[PDB]
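Student: here's a sequence, model it:
(chains A, B, C and D, ligands or ions: 28)
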Amino acid sequence: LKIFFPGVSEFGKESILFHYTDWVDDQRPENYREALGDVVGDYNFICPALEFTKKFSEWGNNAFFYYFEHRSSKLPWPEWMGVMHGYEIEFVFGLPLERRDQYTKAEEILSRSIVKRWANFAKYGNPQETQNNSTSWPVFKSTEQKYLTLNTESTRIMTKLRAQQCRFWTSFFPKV
Amino acid sequence: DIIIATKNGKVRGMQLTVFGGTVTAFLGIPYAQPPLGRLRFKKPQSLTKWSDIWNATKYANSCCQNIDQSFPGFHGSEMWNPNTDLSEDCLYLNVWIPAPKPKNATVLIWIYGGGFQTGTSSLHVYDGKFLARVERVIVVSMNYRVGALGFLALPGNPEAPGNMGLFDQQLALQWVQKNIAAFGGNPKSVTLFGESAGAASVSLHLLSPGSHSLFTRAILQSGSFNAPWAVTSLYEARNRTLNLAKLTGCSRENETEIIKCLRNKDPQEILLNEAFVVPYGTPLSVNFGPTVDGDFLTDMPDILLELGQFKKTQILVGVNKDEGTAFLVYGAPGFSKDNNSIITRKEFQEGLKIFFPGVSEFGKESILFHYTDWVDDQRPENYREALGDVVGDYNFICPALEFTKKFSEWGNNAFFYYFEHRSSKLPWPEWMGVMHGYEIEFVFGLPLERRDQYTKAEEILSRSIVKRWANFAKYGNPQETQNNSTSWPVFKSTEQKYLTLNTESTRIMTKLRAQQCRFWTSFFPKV
Amino acid sequence: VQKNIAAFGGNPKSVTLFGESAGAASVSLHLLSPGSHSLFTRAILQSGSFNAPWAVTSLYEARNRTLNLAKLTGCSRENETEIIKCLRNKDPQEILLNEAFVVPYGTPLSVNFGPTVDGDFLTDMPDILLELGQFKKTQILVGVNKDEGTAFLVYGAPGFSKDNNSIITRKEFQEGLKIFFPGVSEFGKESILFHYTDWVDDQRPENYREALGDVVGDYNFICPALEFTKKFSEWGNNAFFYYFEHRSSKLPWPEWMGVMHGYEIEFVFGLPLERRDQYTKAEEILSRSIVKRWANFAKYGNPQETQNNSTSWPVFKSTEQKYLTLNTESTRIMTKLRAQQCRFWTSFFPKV
Amino acid sequence: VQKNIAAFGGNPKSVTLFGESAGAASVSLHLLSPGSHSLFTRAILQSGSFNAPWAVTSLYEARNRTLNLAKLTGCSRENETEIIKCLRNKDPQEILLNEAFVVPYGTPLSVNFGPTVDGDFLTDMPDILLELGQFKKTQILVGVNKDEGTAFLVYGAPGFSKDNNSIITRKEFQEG
Ligand SMILES: *[C@@H]1O[C@H](CO[C@H]2O[C@@H](C)[C@@H](O)[C@@H](O)[C@@H]2O)[C@@H](O[C@@H]2O[C@H](CO)[C@@H](O)[C@H](O)[C@H]2NC(C)=O)[C@H](O)[C@H]1NC(C)=O
Ligand SMILES: *[C@@H]1O[C@H](CO[C@H]2O[C@@H](C)[C@@H](O)[C@@H](O)[C@@H]2O)[C@@H](O[C@@H]2O[C@H](CO)[C@@H](O)[C@H](O)[C@H]2NC(C)=O)[C@H](O)[C@H]1NC(C)=O
Ligand SMILES: *[C@@H]1O[C@H](CO[C@H]2O[C@@H](C)[C@@H](O)[C@@H](O)[C@@H]2O)[C@@H](O[C@@H]2O[C@H](CO)[C@@H](O)[C@H](O)[C@H]2NC(C)=O)[C@H](O)[C@H]1NC(C)=O
Ligand SMILES: *[C@@H]1O[C@H](CO[C@H]2O[C@@H](C)[C@@H](O)[C@@H](O)[C@@H]2O)[C@@H](O[C@@H]2O[C@H](CO)[C@@H](O)[C@H](O)[C@H]2NC(C)=O)[C@H](O)[C@H]1NC(C)=O
Ligand SMILES: *[C@@H]1O[C@H](CO[C@H]2O[C@@H](C)[C@@H](O)[C@@H](O)[C@@H]2O)[C@@H](O[C@@H]2O[C@H](CO)[C@@H](O)[C@H](O)[C@H]2NC(C)=O)[C@H](O)[C@H]1NC(C)=O
Ligand SMILES: *[C@@H]1O[C@H](CO[C@H]2O[C@@H](C)[C@@H](O)[C@@H](O)[C@@H]2O)[C@@H](O[C@@H]2O[C@H](CO)[C@@H](O)[C@H](O)[C@H]2NC(C)=O)[C@H](O)[C@H]1NC(C)=O
Ligand SMILES: *[C@@H]1O[C@H](CO[C@H]2O[C@@H](C)[C@@H](O)[C@@H](O)[C@@H]2O)[C@@H](O)[C@H](O)[C@H]1NC(C)=O
Ligand SMILES: *[C@@H]1O[C@H](CO[C@H]2O[C@@H](C)[C@@H](O)[C@@H](O)[C@@H]2O)[C@@H](O)[C@H](O)[C@H]1NC(C)=O
Ligand SMILES: *[C@@H]1O[C@H](CO[C@H]2O[C@@H](C)[C@@H](O)[C@@H](O)[C@@H]2O)[C@@H](O)[C@H](O)[C@H]1NC(C)=O
Ligand SMILES: *[C@@H]1O[C@H](CO)[C@@H](O)[C@H](O)[C@H]1NC(C)=O
Ligand SMILES: *[C@@H]1O[C@H](CO)[C@@H](O)[C@H](O)[C@H]1NC(C)=O
Ligand SMILES: *[C@@H]1O[C@H](CO)[C@@H](O)[C@H](O)[C@H]1NC(C)=O
Ligand SMILES: *[C@@H]1O[C@H](CO)[C@@H](O)[C@H](O)[C@H]1NC(C)=O
Ligand SMILES: *[C@H]1O[C@H](CO)[C@@H](O)[C@H](O)[C@H]1NC(C)=O
Ligand SMILES: *[C@H]1O[C@H](CO)[C@@H](O)[C@H](O)[C@H]1NC(C)=O
Ligand SMILES: *[C@H]1O[C@H](CO)[C@@H](O)[C@H](O)[C@H]1NC(C)=O
Ligand SMILES: *[P@@](=O)(NCCC)OCC
Ligand SMILES: [Cl-]
Ligand SMILES: [Cl-]
Ligand SMILES: [Cl-]
Ligand SMILES: [Cl-]
Ligand SMILES: [Cl-]
Ligand SMILES: [Cl-]
Ligand SMILES: [Cl-]
Ligand SMILES: [Cl-]
Ligand SMILES: [Cl-]
Ligand code: NA
Ligand code: NA
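Tutor: Numbers count the residues shown, from 1 in each chain, chains lettered A, B, ... in the order given. Ligands and ions are numbered 1, 2, ... in the order given. For reference, the structure is listed below:
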């Protein structure tokens, strides 16, 4: 927290510790390791993308929100680092469609589907995959806040990503 | 020394230290006349009544039943086998009360499952003293007749009317109505709870008018009467009663004669022939079950369900994530608890023959068609997982979900959960996942016992489940209100929200098994 | 009263309980207690409700305290019916004399011996019973005074006096939190400072003095009365909320202490109607009107004054949270009393 | 009627009260009176209701009037059960003969002796009971005639006559 929150009142920093370190339960050794990645993801990327989308949807337009959770079979960084920043890009660009290239079947399939959702958004303003019986992607609204999860297995409709955490980043933290 | 007087006499209990506190157990109080001799096959009768003091200081006999000998010495299976002598004289219940004696406690009544062919209320995973210690509810459980001796039917004939074991359950709920206030219980706050056939049972007490005023609310674990194994048609029932007659040389012409004959056979001989009252059978066979007898159950229950005829009150229904896995190692070629059971396509096809005996060929292909088109053809355990899903979704998940929708459509609050924690202590192999039966121990509180080798995360999950169940029972709402817990929505026809139970985060999701139950529920019933 | 009141001319079918501070907490628990459910019709809650932090004792602390008392009166025993039998021999003065010490730190708002979940009057933690809608369904009138917290500061907060104006410093405020929030993580306490001390602006000398009264009012009385009323209204019944803000012309405590705890009681009881008694005209008028709203609630379940063109008192709902202000000038409909502060007490603080 | 009407063939469970002017006012107060609440089913109100300005007497004026009556019949006493005991001796004609004067000014619509809040038939001011919804819940039929006020003008308004057309002047209206 000192490295990531340089200046940064002491009470600021304790309050992050307080939010992120009361768990269920004190047993697991990688508790602190995961918590620091979450501080940094939720603060820097996730809560602000979610609040942009809410504020933006409140004025009228259709928005769609996704939550990417596939780890690339070819990722060169270690396991503990999980579904990292930057590592959807290659799915979006279609790199796994290139069979010649050592991605799983499941990965080609995920990619082909992402590519089609993105290209449908661009041409039609709706990111559905309409042909292959795909889970329907709801619009995100202030109220239910539905999002779609992207993974090689089943993709799901969920609600209110990081609800408790963004209540911290978004209402309280900006005050410290 | 703890004596309590009942309509029928006095009973003494025993004290138990649980988590630095005390609970009083009254084990084996009888609750009907033993059903022997002239009573075998008949509705349970009035407990006659004793002076002196009954000691309810041990579990009583389990009803007569066949045992599982597939894996002798294996805890996985043997933990389900009865653990007190078998005997026709098995109509007893247990009561567990908090100490000090509560003043007007809510009552949880457990109905064990066992396929209607087996089970006993004295299993360790059904021990009610954690609930009573931790939530200061009272817990009652009953032994009820199972197999032919509890569900033999020759319809209309009171010598064997059918549903005998369902009326033993019923007479136990009457016994709590009459007697529980003496142990400190509120008879106006009773929740029935049960797993698999015991859940099916709970669901039929919701339909049965004679039960309508013996309880307040209902919990349904991995089971409901619209499951395909839960009710026997009047056709098959007489076929089976007479096939049994045949097999014990009792075929007669007078039907009160067949029964009179059958009432002479030794127990072992009835048990020994039960398995064969039926030409093909399967690992999920229920040869002797509930039937529409015109008494406990006045019409086909699917009609009663659809047309809104059932007790109006709240229900909590749930299923486990891998319900179907446990039955595959009882007969599906390729499957073993002792290896990882990667079966082939041709083996999967054979599996459907075992699980869907008769069973048009187009029926079976259509299951294959639904379950085997994947994303993608690569993974070796593709066929192994698909067969467990056929069996879970067909037998448990889709029918529990359709019960809950039909039931919620008439007005009452329902809650649905989806249990997906695998017990750190599970003795069956990994590939078998979150198995059938393996929530029970979380619900009963076994992991609260620290002394016992469950994870921290498991104690926490348990303590929370126990509190949701006890809140449902007392308040009709299964929230955990104190520890910032995810709020459990009611299930409605429309959004169909459910809550997932796991050691990590619990989530609100929608429309469990949507594509699969569209198959089981609309199309399959037609084949 | 159920058994006997009809003899004095009373209707046992029309009973309203009313009470202030612990007496209000009491009223609130009779709403939860099944044994009370049929001994009254409606409820009034003045400056108090059982979810206040001083109103219910945990079973843990209760035995600790009963045995600390046993200790202190040399009655520690091994048989518990023995501790009691012993304690039943001590003279009154000796029990009273040790009550204060059954507890290590204590505070000006200590409640060493209070209500507990006994399995009899109170069958479960009352916060659970509240949340899950288990309580008598009937109308409630709830209120708080504008300066609830002031009266307790002159019992222990360094810098405070009834005999001067108590302009305390920042460091004194910090010390005050130590007196009022004894144990009480350091981060707990800073977070209260953080919430209550960022102002507009750093100029006014009585900044810290006012902030400490607000910590104590909002925490101990106002936020819990407002959350009781929301939770309660969510299940269906009409509730009315008031915000009393008149300072008695006869108040004997100093000005800086404002509209204190306890000082609506006399308006509610009608004391200012007694002309002979040195209250203002405006005060008689306020009283006569309060008395009529309270008596209309009791008989009719609606606290209106219907005759003298009075401001209409809305019901309080989760959503708009309307309340009525009681003062000698105009009484107003407002919304969401202490919104930002109770968001602190109610969602965040319970976590520290 | 509750006790006896079934003998004449009546349904005591189907009773409608009906009335005109003070009889309508009366019907309206039986709607407010708890002792009447179970002696009828429904109510008709013709040209009258208790919130009319002539229909209820304030406790103030009522004692003033009772004592003005006492005065006028030489019955003023000090014991009030004495005033009554006295008044219970006067002949009928003498009470009637003084009723008109229990009151300083009066008008063609005077009601010198009417309903009052007695704590018995009528437990509070009826306007309060009305506003706050305390009254028998059942259907009501209410009506008025088109020229209600005309009949009282020929009892005192200067210019008015039943025997001519009463075209009065502005100054006469003012006197009225
Ligand atoms: C209703 O029962 C008959 C009876 O058949 C049985 O005789 C019993 C004593 C028992 O031993 C049982 O296993 C044996 O089969 C069933 O008839 C049988 O059906 C199968 C296939 O349909 C034939 O191969 C058998 O030969 C035939 N047996 C006899 C003796 O007729 C009948 O199938 C059953 N109904 C259903 C729907 O299961
Ligand atoms: C996993 O085991 C199954 C189960 O059957 C066997 O259990 C094994 C551990 C095995 O060694 C033997 O003791 C027992 O029969 C194996 O399937 C079996 O394979 C044979 C061919 O030998 C069939 O003809 C058997 O009937 C068949 N059993 C069943 C249940 O149909 C299975 O091959 C094995 N697979 C592995 C190791 O992946
Ligand atoms: C539960 O009570 C103990 C008992 O401590 C007390 O002994 C009592 C008779 C009484 O006189 C009391 O004031 C005295 O403290 C509390 O233990 C105390 O805790 C504090 C700080 O935690 C220590 O400084 C004391 O030395 C310690 N005393 C002893 C004798 O152990 C305990 O704190 C209390 N629980 C709570 C949460 O308040
Ligand atoms: C307002 O008074 C407080 C209260 O304490 C005092 O009451 C005064 C009127 C004072 O004269 C004395 O009789 C009594 O102690 C004053 O604070 C006090 O100041 C001293 C430093 O002298 C501290 O060490 C005292 O403990 C402290 N009292 C408390 C309650 O902590 C306060 O300074 C005074 N301030 C004014 C006049 O603005
Ligand atoms: C309450 O009653 C008094 C009594 O006055 C009356 O004496 C009665 C016996 C009767 O004869 C009546 O007509 C006579 O007036 C009323 O007081 C009177 O008020 C008027 C004008 O206010 C004066 O001109 C009278 O002189 C005065 N009379 C006396 C003897 O005091 C009083 O007005 C009344 N209240 C109301 C509001 O009508
Ligand atoms: C209509 O008649 C009124 C009523 O008064 C009178 O009734 C008449 C028919 C009249 O002849 C007489 O017998 C009786 O007084 C007339 O008003 C009257 O006019 C006089 C002036 O003479 C006044 O001083 C009277 O007091 C006044 N009466 C009243 C009721 O105040 C009215 O003028 C008459 N108008 C017409 C014909 O249009
Ligand atoms: C015990 O409580 C009785 C009723 O309580 C219940 O009301 C039911 C309808 C049901 O909702 C239950 O869950 C409620 O708890 C009451 O009538 C008895 O008189 C009570 N007897 C006691 C307190 O000993
Ligand atoms: C006195 O009134 C009785 C009932 O009055 C009440 O109805 C209650 C449910 C409650 O709303 C109260 O506030 C109402 O005022 C009635 O049944 C008695 O019989 C009455 N006895 C008398 C008139 O002496
Ligand atoms: C006469 O009818 C009785 C009731 O009729 C009434 O129901 C009331 C609530 C009210 O709506 C009336 O207007 C209805 O007509 C019935 O209970 C009696 O038993 C009947 N006795 C007879 C037929 O002689
Ligand atoms: C549709 O699925 C097929 C296989 O059935 C495959 O050819 C392709 O990946 C899919 N089209 C899209 C947009 O995903
Ligand atoms: C019942 O158990 C008690 C408890 O020790 C004993 O005293 C009594 O004789 C017992 N009666 C039996 C076993 O019949
Ligand atoms: C609340 O969580 C605490 C730890 O903070 C623990 O004592 C207990 O397991 C919880 N209560 C319930 C019902 O889960
Ligand atoms: C109505 O106001 C009047 C003065 O106009 C006064 O007599 C009294 O205080 C009022 N009644 C009520 C209930 O306030
Ligand atoms: C058949 O015979 C016996 C006679 O003992 C009897 O029990 C049974 O009811 C009879 N029924 C008929 C009419 O066939
Ligand atoms: C402790 O001893 C006394 C005996 O007089 C008694 O009052 C109390 O209940 C006893 N309890 C136990 C079993 O320790
Ligand atoms: C007044 O005197 C008479 C005595 O005969 C009586 O009727 C009335 O009640 C008395 N009241 C009082 C105490 O003045
Ligand atoms: P349940 O009681 N039902 C399965 C039907 C055979 O559990 C069986 C293991
Ligand atoms: Cl853990
Ligand atoms: Cl999909
Ligand atoms: Cl999340
Ligand atoms: Cl694949
Ligand atoms: Cl949770
Ligand atoms: Cl699913
Ligand atoms: Cl300023
Ligand atoms: Cl006003
Ligand atoms: Cl405010
Ligand atoms: Na099909
Ligand atoms: Na904070």
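Student: tell me which element the nearest residue in space to residue A:5 that is not next to it in sequence is part of?
Tutor: In space, residue A:5 comes closest to residue A:13 once its chain neighbours are excluded; the distance is 5.6 Å by C-beta to C-beta, 6 or more residues apart in numbering or on different chains. The C-beta positions use only the backbone N, C-alpha and C, and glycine is treated the same way. Secondary structure assignment for residue A:13, by DSSP states H and E: helix A:10-20.
Student: just the buried residues of that helix, please?
Tutor: By neighbour count on 16 or more other C-beta atoms under 10 Å in any protein chain shown, the buried set for helix A:10-20 is A:14-16, A:18-20.
Student: relative to helix C:186-196, how tilted is it?
Tutor: Note on geometry: by axes from the mean of the first three to the mean of the last three C-alpha atoms, to 10 degrees, helix A:10-20 and helix C:186-196 are set 110 degrees apart in direction.
Student: list the contacts of helix A:10-20.
Tutor: The contact list for helix A:10-20 (C-beta atoms under 8 Å, 6 or more residues apart in numbering or on different chains) reads A:1-2, A:5, A:35, A:38-39, A:165, A:168, A:172-173, A:176, C:187, C:190-191, C:194, C:351-352.
Student: elements contacting the longest helix belonging to chain A?
Tutor: When chain A is parsed with DSSP state H, its longest helix is helix A:105-124. In terms of contacts (3 or more C-beta pairs under 8 Å, 6 or more residues apart in numbering or on different chains; DSSP states H and E), helix A:105-124 is packed against helix A:89-93.
Student: so what's the spatially most central residue of chain A bridging to?
Tutor: The centre of chain A sits closest to residue A:67, judged by C-alpha atoms, centre = their mean, with a distance of 3.9 Å. Beta-bridge pairing for residue A:67 (DSSP bridges): residue A:149.
Student: closest residue of chain A to ligand 22?
Tutor: Taking C-beta to the ion, ligand 22 has its nearest neighbour within chain A at residue A:24, 8.1 Å off.
Student: so that residue: helix, strand or coil?
Tutor: coil (DSSP: H, G, I helix; E, B strand; the rest coil).
Student: now do the contacts for it.
Tutor: Shown in contact with residue A:24 (C-beta under 8 Å, 6+ apart): B:457, B:460.
Student: stretch A:128-145 and ligand 10 in contact?
Tutor: Yes: contact of stretch A:128-145 with ligand 10 (C-beta under 6 Å from any ligand atom) involves A:129, A:131-132.
Student: ok, how many other residues are close to residue A:40?
Tutor: By the measure other C-beta atoms under 10 Å in any protein chain shown, the count of residues near residue A:40 is 16.
Student: ok, now which ones touch the nearest residue to it once chain neighbours are set aside?
Tutor: Computed as C-beta to C-beta, 6+ apart, the closest residue to residue A:40 that is not its neighbour in sequence is residue A:4, at 6.0 Å. For residue A:4, the contact set (C-beta under 8 Å, 6+ apart) comprises A:36, A:39-40.
Student: for ligand 10, state which of those is nearest.
Tutor: Nearest to ligand 10 among the contacts of residue A:4, counting by C-beta to the nearest ligand atom, is residue A:40 at 33.9 Å.
Student: SS state for that closest one?
Tutor: At residue A:40 the chain is in helix, as set by three-state DSSP.
Student: measure it to ligand 12 for me?
Tutor: As for residue A:40, its distance to ligand 12 is 26 Å (criterion: C-beta to the nearest ligand atom, to the nearest Å).
Student: pull up the gap between that residue and chain B, please.
Tutor: Distance, residue A:40 to chain B, using C-beta to the nearest C-beta, to the nearest Å: 19 Å.
Student: closest residue of chain A to ligand 8?
Tutor: For chain A, C-beta to the nearest ligand atom, closest residue to ligand 8: residue A:143, 40.2 Å.
Student: let me know the secondary structure of that residue.
Tutor: coil.
Student: cool, and the one 4 residues further on?
Tutor: Here residue A:147 is recorded as strand under three-state DSSP.
Student: list the buried residues for stretch A:97-112?
Tutor: Of the residues in stretch A:97-112, A:103-111 count as buried by neighbour count, 16+ other C-beta under 10 Å.
Student: same thing with stretch A:138-149?
Tutor: For stretch A:138-149, burial by neighbour count (16+ other C-beta under 10 Å) applies to A:140, A:145-149.
Student: next, count neighbours for residue A:61.
Tutor: Count around residue A:61 with other C-beta under 10 Å applied: 9.
Student: kindly report the same for residue A:21.
Tutor: Neighbourhood size, residue A:21 [other C-beta under 10 Å]: 13.
Student: nearest residue to it other than its sequence neighbours?
Tutor: Leaving aside its sequence neighbours, residue A:21 sits nearest to residue A:35 (C-beta to C-beta, 6+ apart; 5.7 Å).
Student: touching, the one you found and residue A:22? I think so.
Tutor: No: here residue A:35 does not reach residue A:22: they are 9.9 Å apart, not a contact under C-beta atoms under 8 Å.
Student: these two: who's more crowded?
Tutor: Set residue A:35 next to residue A:22 and count neighbours by other C-beta under 10 Å: residue A:35 wins out with 17 against 12.
Student: please see if stretch A:105-113 touches ligand 19.
Tutor: No: on the criterion C-beta under 5 Å from the ion, stretch A:105-113 is out of touch with ligand 19, staying 7.2 Å away.
Student: now do that stretch: everything it contacts.
Tutor: With C-beta under 8 Å, 6+ apart, stretch A:105-113 has contacts from A:70, A:72-73, A:91, A:94-97, A:99, A:103, A:129, A:132, A:134, A:150-153, B:375-378.
Student: can you tell if that stretch touches ligand 10?
Tutor: Yes: applying C-beta under 6 Å from any ligand atom, one finds stretch A:105-113 touching ligand 10 at A:109, A:112-113.
Student: in JSON lines, list these along with distance to ligand 7.
Tutor: Below are the residues of stretch A:105-113 next to ligand 10 laid out as JSON lines (distance: C-beta to the nearest ligand atom, whole Å):
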{"residue": "A:109", "distance to ligand 7": "52"}
{"residue": "A:112", "distance to ligand 7": "56"}
{"residue": "A:113", "distance to ligand 7": "51"}
